[PDB]
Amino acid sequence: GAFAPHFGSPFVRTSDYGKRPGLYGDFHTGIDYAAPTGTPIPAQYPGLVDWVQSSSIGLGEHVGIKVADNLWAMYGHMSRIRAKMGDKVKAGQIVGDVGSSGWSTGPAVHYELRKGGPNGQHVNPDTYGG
């Protein structure tokens, strides 16, 4: 996983990427890490902030960071966004605060890997890149 997420404490992984338990029903498009609302989200990989959105839908408050030539890391369900568009960010820079914005049951951060663009196709962060 060349761009797998490596959140430390207090982030705890809850729902994996891909088809959920059983053979029918839902498909998680990223990896959910649980943590209290307000927990600062440190960026996993350096890149350019080229996508910021506030909505009450799906990922809700989220940022996209271009972390590779054709790969964008998305950090979602924020309670507060702290990156501005154009920001060059380093790994471990705090890009936001955990929330439950959008379509999330409780407090967690949704890490999604997209190819083709900030609204592009999602991939498996655990496996993409090796």
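Note that residue numbering follows the sequence shown and begins at 1.
The stretch 19-27 shows the higher mean C-alpha B-factor when 104-112 is compared against 19-27 in the entry. Ranked against the other modelled residues of its chain, the C-alpha B-factor of residue 8 as given in the entry falls in the middle third. Ranked within its chain, residue 80 lands in the middle third, by CA B factor from the PDB record. Ranked by Cα temperature factor within the chain, residue 87 sits in the highest third according to the deposited record. When the modelled residues of the chain are ordered by C-alpha B-factor, residue 97 sits in the lowest third. Among all modelled residues in its chain, residue 32 ranks in the middle third by Cα B-factor.
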